[PDB]
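Remarks on the structure that follows.
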Amino acid sequence: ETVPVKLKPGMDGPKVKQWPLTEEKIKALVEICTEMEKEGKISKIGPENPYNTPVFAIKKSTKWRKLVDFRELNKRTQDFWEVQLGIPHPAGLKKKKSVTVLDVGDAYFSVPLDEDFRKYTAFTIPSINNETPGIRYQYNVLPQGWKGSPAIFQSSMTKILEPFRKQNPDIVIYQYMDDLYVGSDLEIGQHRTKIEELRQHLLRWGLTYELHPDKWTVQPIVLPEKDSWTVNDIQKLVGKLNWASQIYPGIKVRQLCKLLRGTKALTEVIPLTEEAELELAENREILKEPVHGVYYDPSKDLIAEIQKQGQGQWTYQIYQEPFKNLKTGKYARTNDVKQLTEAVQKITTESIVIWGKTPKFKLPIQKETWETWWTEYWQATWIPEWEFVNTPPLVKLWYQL
Amino acid sequence: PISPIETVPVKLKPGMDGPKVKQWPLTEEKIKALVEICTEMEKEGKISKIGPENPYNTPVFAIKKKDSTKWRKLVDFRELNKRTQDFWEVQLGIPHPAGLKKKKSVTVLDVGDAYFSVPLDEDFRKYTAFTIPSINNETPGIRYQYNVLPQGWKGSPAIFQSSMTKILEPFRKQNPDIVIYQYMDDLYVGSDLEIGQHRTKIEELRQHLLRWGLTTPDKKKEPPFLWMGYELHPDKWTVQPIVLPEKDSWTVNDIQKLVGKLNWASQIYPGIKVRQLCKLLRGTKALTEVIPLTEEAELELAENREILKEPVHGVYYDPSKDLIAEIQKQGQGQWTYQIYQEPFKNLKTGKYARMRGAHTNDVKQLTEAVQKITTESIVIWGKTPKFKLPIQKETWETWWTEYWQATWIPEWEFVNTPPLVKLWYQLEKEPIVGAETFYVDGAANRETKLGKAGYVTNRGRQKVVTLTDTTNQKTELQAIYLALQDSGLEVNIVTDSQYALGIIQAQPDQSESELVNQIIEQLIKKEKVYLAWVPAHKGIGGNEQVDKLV
Ligand SMILES: Cc1cc(C#N)cc(C)c1Oc1nc(Nc2ccc(C#N)cc2)nc(N)c1Br
């Protein structure tokens, strides 16, 4: 028996154009969809269904997997999956020694989708050179990728997990989209043993990598320590503190720029003052800690900014109001797009663990370039929202490591 | 016939109700034509006559077909249409010839009375009710509703195309070696069979079509086939013949049309240019208005006419070979490219001319062109080409690393086809010892638009100039230009304009701003330039001493 699903009032379903796909991905999607069809998961639809949602194929492991981009649908169903029922995020998760991520997307394939909602899940497999009409389907069952699916399966999921949760009260299990997040403070061997145990419960209802949220620490704005200092060195120093001043209460610059008096050659060396010596010492003491005055507001979107730092290094900040950093970090270790892609999934994962929310990303790249390529490296079953921006070149400098 | 295929379920938009428009009284001879037409339609099942009950109605009119004395039946579905649900887009996107494969035999079948051959959702038919008015409106009219897809109704193209697709399925599946493209009421069929086995296959197709309600006129050309602006032959293709007029005088209208034809020819004729012609179209002039061709436009026109004189063709796609794409810098901001699998038999060619921003360099543009060509390739062939680019590997990787945006291009090779794309200057990475430090600053007054731009150096030089109707951002550019023209071959420059710094550290080699181009020519002449930023009004030494003087 299905659950009635309503869109947000005044909104019609998604009408998003299908991205062009390479031969191999189209082939993989035909294969997969031919099978899902024979099994009743999806059915062919006619032209009286106007809606559309993009699909892609990704490579998990060498095996093609279908990925449906439900970002619009999720946005237009938001009232339903967020505030009717809806899934509480546990504050305890981010505190565990180990969190394991388990894909449980298969669970939705066994639950019928409300007959009147199915048409909104329409997608199209395109053909090369537009030589034939796209192949068109909609869903008969809870689709992977739709925020409605975990909302609806919620009740079943806690029945499946009750025994295991009751037997291990110190383990935190949180569901987000297609994934289960499982956190304990057990030793890593005992932790893995418990994941196996959990897998076995899962397996009775039809479900056949590791994070360490502690080892997540801030990436402070760092103030160089230096042998000697040039005027240029001081000016960079003053600008980085000047900008930190926008974020951190208590930052002081006065007796530091006292050094930069008159008009001096950039390369001239200037000795360090008693005064100044204490400042950057105390500013460093300040930059080490979390921002005083900044708190997460659950009614607001999270934003993530990323900067390309060079040599395979990337810096990022997560805030809700610009400059009010909830968290800062870096990613490292050469295809630019591949690395950015990895960084986005990493940042999205931490954000899920910490707030139970995905950020909207400001990506330092060309719209057209990102869209061509991100598919090649994407490995998650969710997709965050993103826009494209030109990194203010100074912001890059002030977050360098 | 009327196809035995299932109907497509149709509804009206959720708030709305069916049309209820009143019929305009008609001329006596239009009424007569309408009765004739409708009587014939009704005998073929296309329409059925109704009586109220049925509360709906939509106006019918009738026009005399050209001079040739036939009447056509017009229905005006405006109101039914505004009230009908949206449908999926028929098929957005049409094939490019460069993407087609070669065929030995091709034939074009057209479907007779296509829309009237497809049944309409039984439940929806009432909303198509119309009325032939009596003479001078004096007695009740004759009322009909459609049983088939009406011409002019919103749902017809989409439902017809979906019907044809369902009907073609089994035949496509049983005949994987033959290919069929659908468009509107035409079918385009091609095979690698010899005329005999092929004509036999055509007949099985027609037979299969007719089994499903769709007639296709019998067995009465050869290549070339004119198709969608193109000329198709069995193993090659070109655009349909382009004729550029000779005129002493060109209207805005004539030039628009010429640019359109040239743009169309650029799909297969290498190196067509329209930059100079397009500049003529700049401004706000009337269509009938005559525009003197500038000298460059007049030469560009010539250059193109020289390219167009003898025909060129493209070849078709062989799925077993790589695609090679080559790009050349043409004019300024102009890029041209060719795609082939065997040198130099182009499957097609193209132009790229877009400007992303006010300031760019050749490396950035080349990358954008590569991006546009990659997407075109996904669409046409389902894979990306191997590129051949007039840029050195060392140049590319020097740009990519030092630039703050992420980028990436697929497999490519250097090819020495000048002009080569180069970075024309590099900014120093560290302050230059022994180079004069210019502390610059510009600032404008908001309501006066009057500005000052100037500098102080560590060597004691100073200078301020006045600027008229300027902005704050221009004066900051002016200050930097000032420092460049008054300094030696090596110079450190300290600004407080993130704006100015953003532009210049991006390393532009071309701009829409004249000022910025001046700064650029100046940057190329230097031997070393180091650009630094400081926070303004933060009392920084050199800053608040050239800020105080400006
Ligand atoms: C059969 C056909 C005819 C015309 C038309 N008109 C236009 C189109 C889009 C066609 O479809 C296809 N044609 C070809 N090659 C082809 C080769 C030679 C000629 C010739 N002469 C025409 C088409 N390859 C396909 N995959 C498809 Br699908």
Side-chain angles (χ1 to χ4, degrees), chain A residues 14-21 52-58 67-78 81-82 144-147 176-179 300-309 313-323 325-331 335-392 395-396 399, chain B residues 356-357 367-368 371 374-375 378 403-408:
Chain A
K15 278 162 168 183
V16 183
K17 181 170 295 180
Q18 171 58 45
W19 307 38
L21 298 183
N52 197 59
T53 288
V55 278
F56 307 92
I58 68 167
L67 188 52
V68 185
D69 182 356
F70 277 129
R71 275 180 290 178
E72 265 306 297
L73 210 223
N74 285 159
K75 227 180 300 194
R76 279 147 129 95
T77 57
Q78 174 154 198
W81 56 266
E82 184 191 47
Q144 291 160 128
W146 178 51
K147 287 179 180 179
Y176 183 85
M177 317 260 47
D178 297 3
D179 306 293
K300 262 102 140 320
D301 294 318
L302 291 166
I303 300 166
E305 282 186 7
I306 298 187
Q307 300 86 36
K308 181 190 184 190
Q309 286 297 358
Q313 298 187 155
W314 302 80
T315 51
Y316 67 86
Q317 304 80 42
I318 302 185
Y319 57 83
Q320 300 190 281
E321 292 232 355
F323 287 67
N325 297 155
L326 290 171
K327 170 160 156 52
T328 66
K330 45 73 192 152
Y331 172 85
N335 170 323
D336 273 1
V337 175
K338 175 182 184 187
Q339 286 160 209
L340 217 206
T341 263
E342 290 168 330
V344 177
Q345 290 161 278
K346 184 257 210 78
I347 293 158
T348 299
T349 299
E350 288 168 14
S351 176
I352 295 187
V353 168
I354 297 173
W355 301 291
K357 218 190 189 84
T358 303
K360 171 147 182 151
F361 284 81
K362 310 270 220 79
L363 299 180
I365 189 178
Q366 181 188 332
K367 179 176 183 186
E368 290 85 333
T369 301
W370 176 261
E371 300 183 27
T372 302
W373 292 107
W374 67 271
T375 314
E376 306 299 317
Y377 318 101
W378 199 260
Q379 305 186 73
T381 57
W382 34 252
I383 313 181
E385 281 171 42
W386 51 54
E387 66 198 59
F388 308 94
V389 171
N390 277 286
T391 302
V395 172
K396 169 179 176 176
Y399 280 123
Chain B
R356 292 200 98 225
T367 305
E368 295 158 5
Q371 299 305 346
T374 300
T375 297
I378 303 308
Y403 190 48
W404 32 266
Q405 298 289 274
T407 181
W408 160 263

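Just so it is clear: chains get the letters A, B, ... in the order the sequence lines come, proteins before strands, and each one is counted from 1. Side chains included, hydrogens not; waters and symmetry mates left out as well; all remaining heavy atoms used.
Remark: aromatic rings of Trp386(A) and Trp370(A) are close, center separation under 6.0 Å.
One side chain, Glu305(A) or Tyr319(A), offers a donor N or O that lies under 3.5 Å from an acceptor on the other. Remark: the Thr369(A) side chain and the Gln371(B) side chain contain an N/O donor-acceptor pair separated by less than 3.5 Å. Neither side chain, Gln379(A) nor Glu342(A), offers a donor N or O lying under 3.5 Å from an acceptor on the other.
The only member of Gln309(A), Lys330(A), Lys396(A) that meets side chain to side chain donor-acceptor pair (under 3.5 Å) when paired with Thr315(A) is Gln309(A).
Applying the side chain to side chain donor-acceptor pair (under 3.5 Å) test to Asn390(A) and every residue at least two apart in sequence or in another chain returns nothing.
Summarising the geometry, atom OG1 belonging to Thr348(A) is positioned 4.5 Å from atom CH2 belonging to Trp382(A); distances are rounded to the nearest 0.5 Å. Taking CD from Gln78(A) and NZ from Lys147(A), the interatomic distance works out to 6.5 Å, rounded to the nearest 0.5 Å. Distance check: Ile303(A) CD1 to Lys360(A) NZ gives 9.0 Å after rounding to the nearest 0.5 Å. For the atom pair CD1 of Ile318(A) and OG1 of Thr328(A), the computed distance is 9.0 Å after rounding to the nearest 0.5 Å. Note that CG of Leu302(A) is 12.0 Å distant from CD1 of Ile347(A), once rounded to the nearest 0.5 Å. Within the model, atoms CH2 of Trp374(A) and CZ of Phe56(A) stand 4.5 Å from one another, a figure rounded to the nearest 0.5 Å.
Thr53(A) is not listed as a side-chain neighbour of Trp146(A), based on a closest heavy-atom distance of 4.5 Å or more.
Within 6.0 Å of NZ on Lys15(A) lie more than 12 heavy atoms contributed by other residues, nucleotides or ligands.
The list of salt bridge (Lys or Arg N to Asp or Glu O under 4.0 Å) pairs with a residue in residues 376-386 of chain A, not counting sequence neighbours, reads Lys25(A)-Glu376(A), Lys75(A)-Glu385(A).
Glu350(A) has a carboxylate O that lies under 4.0 Å from a charged side-chain N of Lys327(A), or vice versa, which qualifies the two as a salt bridge. One finds a salt bridge joining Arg76(A) and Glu72(A) here, because a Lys/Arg side-chain nitrogen approaches an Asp/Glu carboxylate oxygen to under 4.0 Å. Ionic pairing of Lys300(A) and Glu321(A) is present here: one or more N-O contacts between side-chain nitrogen and carboxylate oxygen are shorter than 4.0 angstrom.
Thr341(A) approaches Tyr377(A) most closely through the heavy-atom pair CG2-CB, 3.5 Å.
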